[PDB]
Amino acid sequence: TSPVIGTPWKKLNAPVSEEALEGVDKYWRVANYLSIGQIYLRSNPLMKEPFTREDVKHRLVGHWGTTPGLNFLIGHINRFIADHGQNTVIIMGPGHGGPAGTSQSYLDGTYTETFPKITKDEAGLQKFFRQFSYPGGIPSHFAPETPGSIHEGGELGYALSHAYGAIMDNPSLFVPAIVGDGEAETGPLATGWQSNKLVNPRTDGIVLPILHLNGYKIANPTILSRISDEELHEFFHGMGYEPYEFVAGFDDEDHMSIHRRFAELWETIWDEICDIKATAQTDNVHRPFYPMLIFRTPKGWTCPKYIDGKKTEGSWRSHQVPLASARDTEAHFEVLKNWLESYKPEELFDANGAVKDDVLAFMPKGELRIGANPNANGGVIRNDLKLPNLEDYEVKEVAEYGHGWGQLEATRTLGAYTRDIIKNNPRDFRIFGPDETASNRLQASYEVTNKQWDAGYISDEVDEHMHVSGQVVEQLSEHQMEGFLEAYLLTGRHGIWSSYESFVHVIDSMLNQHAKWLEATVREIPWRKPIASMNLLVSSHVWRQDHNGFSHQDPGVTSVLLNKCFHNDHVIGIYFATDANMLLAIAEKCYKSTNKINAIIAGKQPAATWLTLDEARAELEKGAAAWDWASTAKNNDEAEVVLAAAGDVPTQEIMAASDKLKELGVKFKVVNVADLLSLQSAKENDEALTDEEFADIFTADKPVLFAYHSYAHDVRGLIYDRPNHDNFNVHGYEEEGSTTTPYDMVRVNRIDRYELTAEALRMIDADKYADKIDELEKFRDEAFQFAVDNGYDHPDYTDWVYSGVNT
Amino acid sequence: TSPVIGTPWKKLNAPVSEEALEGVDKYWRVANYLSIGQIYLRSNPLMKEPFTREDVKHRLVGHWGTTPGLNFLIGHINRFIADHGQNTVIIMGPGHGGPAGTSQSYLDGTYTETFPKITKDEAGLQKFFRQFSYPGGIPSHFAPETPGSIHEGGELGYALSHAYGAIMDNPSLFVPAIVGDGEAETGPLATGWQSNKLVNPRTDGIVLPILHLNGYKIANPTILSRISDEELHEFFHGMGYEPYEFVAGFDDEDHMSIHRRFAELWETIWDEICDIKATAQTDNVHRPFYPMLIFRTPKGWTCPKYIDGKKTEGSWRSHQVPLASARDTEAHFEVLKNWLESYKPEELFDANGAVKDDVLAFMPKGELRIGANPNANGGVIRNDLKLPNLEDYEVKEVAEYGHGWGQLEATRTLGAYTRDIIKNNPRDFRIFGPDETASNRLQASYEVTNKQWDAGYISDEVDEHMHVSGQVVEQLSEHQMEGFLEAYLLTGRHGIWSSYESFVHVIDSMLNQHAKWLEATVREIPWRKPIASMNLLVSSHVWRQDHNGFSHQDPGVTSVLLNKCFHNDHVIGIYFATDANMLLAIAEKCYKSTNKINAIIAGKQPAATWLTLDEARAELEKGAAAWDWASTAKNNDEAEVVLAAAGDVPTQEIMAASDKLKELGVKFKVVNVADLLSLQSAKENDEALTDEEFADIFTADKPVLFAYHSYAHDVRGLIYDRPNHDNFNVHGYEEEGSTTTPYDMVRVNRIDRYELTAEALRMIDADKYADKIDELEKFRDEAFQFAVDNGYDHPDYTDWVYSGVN
Ligand SMILES: Cc1ncc(C[n+]2csc(CCOP(=O)(O)OP(=O)(O)O)c2C)c(N)n1
Ligand SMILES: Cc1ncc(C[n+]2csc(CCOP(=O)(O)OP(=O)(O)O)c2C)c(N)n1
Ligand SMILES: [Ca+2]
Ligand SMILES: [Ca+2]
């Protein structure tokens, strides 16, 4: 549960002191100096003579354009924090402005506190400049390596979804969220503005959007800087914001005036925020118009206005570096020298190379500092969830009537379970879902909380299970749902979201970035404590999108997640819920886990339950398992074939194939896979099955029929170095399907029980069985023709029950 | 170029007649009946007695909620088209309203012209209802098997990108883009609204966005319907639209009153659009406010208000079926029967079960029909590109100075080639880039066209190569760029977009949906003529994201595109451009290709040119090739190791490693792979190398060191049944990287020349060569330490040049 830090939502009531503003100007000037330094200088940080091109980096890596803008804002936010004692986390949309984030951390004292090698003296200042975007050094973005960051801003557009996740169930948290005007052109950013109808000003914190309207992205102007100011204002008002606009640096107005104007404006907005928060103590059912700030300043603010006759300040040319080289010529190095001198470092640094005390006297102390605030390292806040007994959700009926029982909808059991997680962990757990929580069958959670909704109510006949405050949130944007949950985890809370499988792909790129964040964190950032896993229920999956058709039939998220399964990072979970009981086992493991993206593939369709809780726990701990009770073979030598399934439906088709093989008197072994990564080469993954364990399950010499939920390519590439790999005959989804019957879905993809049975015969003795094979292919066409003619499936397919079930 | 159809941008100058609105009401009623029919009925389409339980489908598949609103709008649009002669393509954002699109096709006559068994009689009606979302019948969405569809709407969000793409260079085309109020909550849709700053009312057509504000998505209200009307209007006005709102169906207003108000509003919005189009002939540097329409009607409109005491009209409950079963009880059956009778079908059908002439008399005829419009079968519009002679762009310096010459930036040649395609094919070719065209080094295009920009200008010192019309469009949104080009293609034109490799992932799901579109088309839609291919330049790739770091290091698009490579559909291309010359040869194949998505992985960094064109073309046609001139072994028995590379940089490190193995006297074959699918099993893919050709290139029995651009998993999974697949040692990107140097990038992923040379020697004799392996491992840390001390790479890495250079 988020901590109450500082003295939240306090008005100042006095003007901002001239003293504190002189601080901010110094912060600004020194942060700009540190920022140019990190880009340009390998040595001689303070320009002690002789200062020459030998001091300048060979390759210029880093972004200036965004950075002076960031430095001004952060300077002013640091003043704000100190004077008000406000719990504040910043979201740096333009994450390519990493020099501003490292500067902030250097100057607030979290950098030295975290990297003691980087000292508050000339020598520390020198390693500090060299390390930036430099071999064996630090990233060029506001990376997880930087104290203060929960958002890299590498991949643009998640600034607002991250900002609004952070404040959820975080009533003391202020989040000034800085958004690139280029970033604002992305789809994820454009929908993120609407988050203000999904948060409550009493129970959640406050996000102040700051649009960094610097006029440009890389090689273009931005749309929002070149529409009318009037359009820009209606735009933000229409999305439920009170827009304030600040314009500085397009004229000769001196720095002190700029700082005085800004500080008055900032305090006027803050006053408005303190009134929103004070009102919300009495009235949290009326949605307020939340302030947002349009920060219009020239890109590259304070760089040379022109370089080699090209406009540089207030241009896209300042995007990366305004001065392409400071080595090629003396005239160029001279521009660097002048530029660095214009911040007057002689005033900012004492002879020992430390920043003077009067630069940083206005700065916050302790856990209020941007870099030290525990919300920016949410691991330190994160508690274990109080979990209910998994026993109470177990489908007991498998133990009663045998493996293969029933027509249960597995995701309902995950719903009962998550419901009680929310009940027992209020303010600490959230379900997100893109208008799919009921569709994926997770609505049992509506018994103990509601869908959070802070737009209009109209009627009890339609507005069911909705309140201004609640642990479930739903918007039709996978981006928003991935986004909110990511930031809710980064600030030390927990959750699950669900998606139709096909549409997980919408946020493939966001899985990549959070995976990279997690990969970087577990390799080389041990100060950044572990966060709860991004748990993702993948359901309404390909084999039962027979009702929605081809658009909804893509299980390929499996393939994407496999490209983040390296270096024994163990940040990817890929689980196949065989049934309700396997789903509970996976669920508990995932909800206990940390530093992972967990993807749980589970059906919502009525389906058999195969395992007891115990059998599922067992299969899950190793990842795969022989099903002895299902196997006509007694050991691997007797076995003529290995029937292996991954996914609840493949399991179903394999078990049914197994009953037809059973009647022809074939000896076969049945294998279930629940953990895809258990099959990964034991060379690449220390948690996979050993080649010995693998060979014991898949036999080493017998052919294996593998029925796989997703695309067969996934397995053929996982097991390339595995014992017996060349005897694996892998069936998976094959881009066949439409709106049809469950049976046609498996049939047309050659993973139906009939084809599986036939395939198993072909692989034992083709000629010996030529006629039972030919009988099976004929029936395959007859059952299809039965569906075409009757509009439901042949009763052979429909009415089948595993032989192992008794009345 | 898009053809001019009908009489575009024409005002009525008259009231909509009573006759037409009577027809629109009959259209609306019959579309509703045909829609419910398609959902509910296996037989007895006209409820001839006995009409029972048994005439109802066992399983209800389809969506009612959106359908009556869609039927209403499409009814009014059909009237409009006929009255105006207006070249009109609709975008059905709520594509789950399929029955609206099927009904429309069946009613405009294109259904029976395209599918002769589905007749305009009771037998046809019976087939038409049964086939909907039924095994061996047709899809539940507005799929490509539906005449008049260029947009399925299964994956919501792309309504507006497709709308705006359709109209680029399409000045006669009007696109009513119907948007879900739920769909409007998606990221892609939210930014799609801003496209009106990137289109020009003279050189492009007009999109009319229609917010289908029926108040609900599946199980929730929509944000846009439960905020104040003032906010809703401010929002659209802020985004450069003049918002008009229509409210109907919440009260007892008679249907004719509703049609009269709507038709009046509609012609008012159409008048403004005609004014914008007339103004734009004279002035087109001043962006107008484009009308958009807020359509506020209750979800499931005209279904029973309450069923079993639950509100169904004007509720999320109407989303799928307002009536969950019509077979379970007599009373539910009566609700279906009553509902169907509420449209009074006996006034709509003749004794033969044909829709009465008086119902369809207002409809468009011929190519104006939504179903017949060539823009919805763009392949009937597509011409072959007038391509310049590929010879004129070849790096000739490989003939003169030899194989491995130069520090050329390969994308720059594609830029020149593509420039001249635009000069030769004006209004038929477009570049899209998310603010990355210059960065990907395609700026040569600016010599003949401009970035299209219809927001504001301030200064010649910043606004270079921008004009209100131009064939290059940037917006920082992959969705927008992908979406725009998808529709430019679907409406019968050509182009390419570029993206940083890592960020192609943003639009993974749009590749999926476009792939699936082309999969269904080549399999069973022979009447949908072939479209130009979706050409994607994948550059600023993982091996040269040394300057941005980990975030920008993901070449995993290859992984995604492999999951659409089946049934010999041949709709995916994955090409690695070895160099400028291989790039020119891939470009040419891709630009001539139809019905494809082509990923072209090309380096923008300065690199060696390896092949001449003639050789490049020979490698491509096969997909892979023995490099005879680079091999020290002169047959497959002689060779102790095969060195294979796919990708400009894995190639580089393989060629450099071949020099180190030459000096050791080692006998090796050098193999380059340009078509990733050439390697795919011969059983799955009939255009792959035969097992024979495969074993002949990679040898039957020798160790192969494969240096791969992307995730090794790709190549491993492709070759599982190939000759000698077990001897493949595949190296690729491994999620190692940072902000560092070119050499550190290959080093940390174990694909630098040094490691490859060591890995070659490990595969021959770990024993014989232990001494040389250890030397090469030590030189890796020594060349990393060099980079750390100095801030640039060791000259053995930096300055290296292939032995074969003069
Ligand atoms: C999703 C995505 N697409 C493309 C890029 C490439 N990119 C990185 S920075 C940038 C421009 C950023 O412009 P803006 O947000 O206006 O930033 P600022 O002016 O503050 O530097 C672009 C196109 C990206 N980082 N992420
Ligand atoms: C990208 C995407 N995410 C989720 C879904 C699942 N989905 C199908 S229809 C729908 C709701 C549709 O709401 P709206 O756009 O309001 O359509 P209408 O009410 O007109 O049916 C949802 C969430 C989808 N089809 N596509
Ligand atoms: Ca910007
Ligand atoms: Ca809707």
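Proteins get letters first, then strands, A, B, ... in listed order; numbering begins at 1 in each. Each ligand, and each atom within it, is numbered from 1 in the order the structure gives. Values below: all heavy atoms of this structure, side chains included; hydrogens, waters and symmetry mates excluded.
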- Ion pair check, A:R296 and A:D181, cut-off under 4.0 Å: no
- With ring centroids as reference points, do A:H151 and A:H141 lie under 6.0 angstrom apart? no
- Message: I'd like the name of whichever of A:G154, A:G95, A:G65 reaches closest to atom 25 (N) of ligand 1 through any heavy atom.
- Response: A:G154
- Contact with ligand 1 for A:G157, non-hydrogen, under 4.0 angstrom: no
- Task: Would you check whether A:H212 has a nitrogen or oxygen atom less than 3.5 angstrom from a nitrogen or oxygen atom of ligand 1?
- Result: no
- The option among B:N548, A:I218, A:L211, B:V506 carrying the non-hydrogen atom nearest to atom 11 (C) of ligand 1 is A:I218
- Of all protein heavy atoms, the one nearest atom 14 (P) of ligand 1 is A:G182 N, 3.5 Å
- Message: Quick one, B:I74 and B:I90 - any side-chain contact, counting heavy atoms below 4.5 Å?
- Response: yes
- Message: Any atom of ligand 1 sitting under 4.0 Å from a heavy atom of A:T186?
- Response: no
- Query: At what distance is the nearest protein heavy atom to atom 19 (O) of ligand 1, and which residue and atom is it?
  - Reply: A:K299 NZ, 2.6 Å
- Distance under 6.0 Å and angle within 45° of ring axis: A:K516 vs B:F550: yes
- Message: Tell me whether B:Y500 has any N or O atom under 3.5 angstrom from an N or O of ligand 1.
- Response: no
- Which pairs count as salt bridge (charged side-chain N to carboxylate O under 4.0 Å, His left out) when at least one residue sits in residues 90-101 of chain B, sequence neighbours excluded? none
- Item | Intermediate values then yes/no, side-chain contact (heavy atoms from CB on, under 4.5 Å), A:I223 and B:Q475 | CA-CA 8 Å; A:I223 289 154; B:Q475 172 184 347; 4.0 Å; yes
- Query: Angle subtended at the Ca ion (ligand 4) by O of B:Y216 and OD1 of B:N214, to 10 degrees?
  - Reply: 70°
- Task: Name whichever N, O or S atom of B:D181 ends up nearest to the Ca ion (ligand 4).
- Result: OD1
- Counting both backbone and side chain atoms, is some N or O of B:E478 under 3.5 Å from an N or O of ligand 1? yes
